[PDB]
There are 2 protein chains.
Amino acid sequence: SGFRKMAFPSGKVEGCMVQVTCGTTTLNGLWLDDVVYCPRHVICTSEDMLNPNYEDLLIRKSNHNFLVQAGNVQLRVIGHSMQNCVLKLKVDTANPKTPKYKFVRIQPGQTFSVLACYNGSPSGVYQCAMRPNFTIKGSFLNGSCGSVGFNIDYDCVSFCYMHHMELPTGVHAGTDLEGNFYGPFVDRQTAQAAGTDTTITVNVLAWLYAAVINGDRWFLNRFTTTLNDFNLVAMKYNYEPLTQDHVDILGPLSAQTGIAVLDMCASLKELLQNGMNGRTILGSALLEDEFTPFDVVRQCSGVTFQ
Amino acid sequence: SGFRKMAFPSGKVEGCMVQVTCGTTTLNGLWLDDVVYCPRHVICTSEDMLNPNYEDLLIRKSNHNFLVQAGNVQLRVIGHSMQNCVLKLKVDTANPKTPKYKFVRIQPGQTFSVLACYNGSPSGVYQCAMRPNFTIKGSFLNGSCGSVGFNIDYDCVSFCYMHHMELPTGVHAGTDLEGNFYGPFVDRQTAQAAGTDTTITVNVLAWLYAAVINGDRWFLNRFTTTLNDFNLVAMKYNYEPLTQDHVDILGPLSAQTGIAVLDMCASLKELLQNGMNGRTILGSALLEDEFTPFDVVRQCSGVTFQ
Ligand SMILES: O=C(c1cc(=O)[nH]c(=O)[nH]1)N1CCN(c2ccc(Cl)cc2)CC1
Ligand SMILES: O=C(c1cc(=O)[nH]c(=O)[nH]1)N1CCN(c2ccc(Cl)cc2)CC1
């Protein structure tokens with residue numbers, strides 16, 4: 001028993017991290033087969049960040065302007081191209097530690113692990129969620145650009161996030177591995193702010209099920225509600241509306257605890273209207289929304305990986 | 001910026017995890033050079049857990065009673081011995097992925113990363129603290145025994161914890177890698193309970209500094225206090241007393257924020273007496289005590305590793 005913010009083991013990703021330098025700027029790259037992926041703003045100078053024209057900036061570069069280092073070994077850049085907001089650097093050597101992988105775009109509310117890196121060197125691993133406003137509440141210092149986010153499906157690493165920038169509110173924005181931004185953000189220094197965030201309701205419900213599995217039961221009650229009555233209360237408190245698909249996703253947790261979803265919704269409705277009154281749930285005094293139903297099952301039933 | 005529960009990258013440890021089977025019982029082992037380390041209760045049956053005599057149980061075993069598997073490869077056990085509560089299995093093959101390592105015993109209040117494993121296969125990584133009552137609030141299911149806890153110092157893995165059991169309150173107990181239990185616990189099924197836990201004060205202060213670094217300032221005030229006046233209030237609320245050594249450890253964070261330790265203590269004293277009144281600090285509505293001063297510096301300044 002117990003419940004922790006649990007990340008995926010990072011070994012398979014650590015062996016893909018490299019350092020990429022172009023001019024004065026150094027950041028992190030992802031080396032898979034014979035391609036290194038990194039944020040395209042590695043080719044910008046201080047004067048260019050304001051209003052960069054990436055097509056011009058790239059045509060003025062040649063392969064030898066790009067220093068790629070994998071630990072001590074230097075990688076020779078054979079070619080380069082731009083795919084949306086990512087630079088693809090073809091190198092002479094394929095990474096022998098390339099895992100089975102795929103590139104997937106995740107949806108708001110889904111979680112992944114982040115391997116925070118500096119100078120091509122892994123520093124720490126942590127779990128976070130893609131927020132409904134398409135930012136992540138990460139922990140990143142200068143030099144962390146090109147750090148990646150990922151999930152593991154059995155033997156396969158699904159890369160879903162590459163870090164590009166920090167917004168003025170301290171939250172973080174990036175792209176999928178095809179270079180397409182999550183959210184309405186651009187890789188130029190402008191006056192872009194995140195829109196209004198909401199609480200991920202299906203995740204809060206999954207976490208309440210985790211609590212029940214771990215012996216926290218004080219918030220339960222005998223009532224039941226309907227989807228529409230709950231959603232009426234949810235909207236008032238800036239909670240995402242709940243759908244039938246969400247109810248279905250929660251099925252396995254309903255089954256294991258014998259507590260119907262709509263039953264759990266009535267507890268949630270009560271917590272939203274009265275608060276928690278100095279009581280905690282799984283060691284928290286706030287409702288936690290960064291565990292998916294799948295995270296809970298995995299941690300409260302025990303799936304491993306390659 | 002940002003602040004997360006950050007674990008160490010686990011790659012160097014993942015390559016040391018093996019599966020150990022003896023009879024009906026399978027758990028995890030740590031394979032370093034030509035030795036596999038695992039909990040000695042792997043040699044117990046159901047009848048033995050009540051009152052095991054490990055000397056007798058071990059003399060009745062031979063090397064071939066021990067099945068050690070590293071992925072698909074089977075490891076041949078050449079010898080075996082007991083060191084306190086750990087079994088040391090000598091195998092015919094030295095682990096080529098053995099990192100630079102050492103065995104260290106940690107103190108209450110220190111943090112480490114846990115690589116939770118099942119059947120020799122890494123499942124997840126998370127950060128926790130050794131509590132003042134010598135338990136950890138982990139997340140472990142059946143089969144997790146032999147999972148290890150570790151820190152990374154530059155290139156070197158410091159192993160500090162091996163998981164042995166879950167106590168009736170849902171918290172977890174184990175040994176250092178020399179087989180000596182943390183706390184007054186024994187590896188037999190008896191009526192052992194954890195003693196009273198306290199809050200790790202120096203860690204709460206470090207976390208308040210992290211908050212200030214990240215722009216949460218609402219709890220600060222102009223007052224200062226003395227060590228003895230603070231400790232008088234701390235005792236009332238089940239907080240560990242604060243020493244001059246703690247003040248010294250917090251020095252770097254005092255320097256970076258310009259807020260003296262005793263100044264920060266007056267804020268803490270206020271938070272203990274009035275509460276937080278619906279305000280949060282770094283996204284928490286409770287005072288967090290599982291980040292050391294070193295954790296904060298590392299995350300708010302950015303140290304990497306091999
Ligand atoms: O390393 C960080 C960084 C990342 C982070 O998440 N937090 C933080 O403090 N620093 N940089 C800030 C964003 N930079 C940038 C943005 C746009 C363009 Cl066009 C060019 C450069 C690169 C450097
Ligand atoms: O895998 C777990 C386990 C670990 C955990 O942390 N949480 C959980 O639910 N299960 N076992 C419970 C403790 N067992 C045991 C204890 C003492 C002796 Cl002498 C022999 C066996 C081994 C099996």
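Below, chain A is the first sequence line, B the second, and so on; all start at residue 1. Note that ligands are numbered from 1 as they come in the structure, with each ligand's atoms numbered from 1 the same way. These values consider heavy atoms only, across backbone and side chains, with no hydrogens, waters or symmetry-generated copies.
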**Q** Enumerate the atoms of ligand 1 whose separation from the nearest heavy atom of A:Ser144 is less than 4.0 angstrom.
**A** 1 (O), 4 (C), 5 (C), 6 (O)
**Q** Using the rule ring pair (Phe, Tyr, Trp, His ring centres under 6.0 Å), only one of B:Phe140, B:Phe185, B:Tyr161 pairs with B:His172; which is it?
**A** B:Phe140
**Q** Measure B:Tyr54 to ligand 2 on non-hydrogen atoms and call it side chain, backbone, both or neither using the 4.0 Å cut-off.
**A** side chain
**Q** Give the atom numbers and elements of ligand 2 that come within less than 4.0 Å of a heavy atom of B:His163.
**A** 4 (C), 5 (C), 6 (O)
**Q** Does A:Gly143, backbone or side chain, put an N or O under 3.5 Å from an N or O of ligand 1?
**A** yes
**Q** Which of the atoms in ligand 1, numbered in the order shown and given with their element, are less than 4.0 Å from a heavy-atom of A:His172?
**A** 6 (O)
**Q** Considering only protein heavy atoms, which is closest to atom 21 (C) of ligand 1, and at what distance to one decimal place?
**A** A:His41 ND1, 3.8 Å
**Q** Any nitrogen or oxygen of B:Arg188, side chain or backbone, less than 3.5 Å from one on ligand 2?
**A** no
**Q** Counting non-hydrogen protein atoms only, what is the nearest one to atom 12 (C) of ligand 1? Give residue, atom name and distance.
**A** A:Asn142 OD1, 4.3 Å
**Q** Check A:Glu290 with A:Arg131, please: is the shortest side-chain N to carboxylate O separation under 4.0 Å?
**A** yes
**Q** Do B:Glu166 and ligand 2 have an N or O pair less than 3.5 Å apart?
**A** yes
**Q** Report yes if the distance between the aromatic ring centroids of A:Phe291 and A:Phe3 is under 6.0 Å, otherwise no.
**A** yes
**Q** Report yes or no: does A:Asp216 contribute a side-chain atom to a donor-acceptor pair with the main-chain N or O of A:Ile281 at less than 3.5 Å?
**A** no
**Q** Is there a donor-acceptor contact under 3.5 Å from the side chain of A:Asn65 to the main chain of A:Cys22?
**A** no
**Q** Kindly confirm or rule out an N or O of A:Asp187 lying under 3.5 angstrom from an N or O of ligand 1.
**A** no
**Q** Taking only residues two or more places apart in sequence, or in another chain, which ones meet A:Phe150 in a ring pair (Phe, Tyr, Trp, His ring centres under 6.0 Å)?
**A** none
**Q** Taking the six-membered ring of A:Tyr182 (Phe, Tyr or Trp), confirm whether the NZ or CZ of A:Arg105 is under 6.0 Å from its centre and within 45° of its axis.
**A** yes
**Q** Return a yes/no value: protein heavy atom under 4.0 Å from atom 7 (N) of ligand 2?
**A** yes
**Q** Give the atom numbers and elements of ligand 2 that come within less than 4.0 Å of a heavy atom of B:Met49.
**A** 20 (C)
**Q** Determine whether any protein heavy atom is located less than 4.0 Å from atom 10 (N) of ligand 1.
**A** yes
**Q** Enumerate the salt bridge (charged side-chain N to carboxylate O under 4.0 Å, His left out) contacts for residues 115-124 of chain A, please, sequence neighbours excluded, ordered by first and then second residue.
**A** none
**Q** Should A:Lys88 and A:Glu178 count as an ion pair when the cut-off is N to O under 4.0 Å?
**A** no
**Q** Side chain, backbone, both or neither: which applies to B:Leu141 and ligand 2 if a contact is any heavy-atom pair less than 4.0 Å apart?
**A** backbone
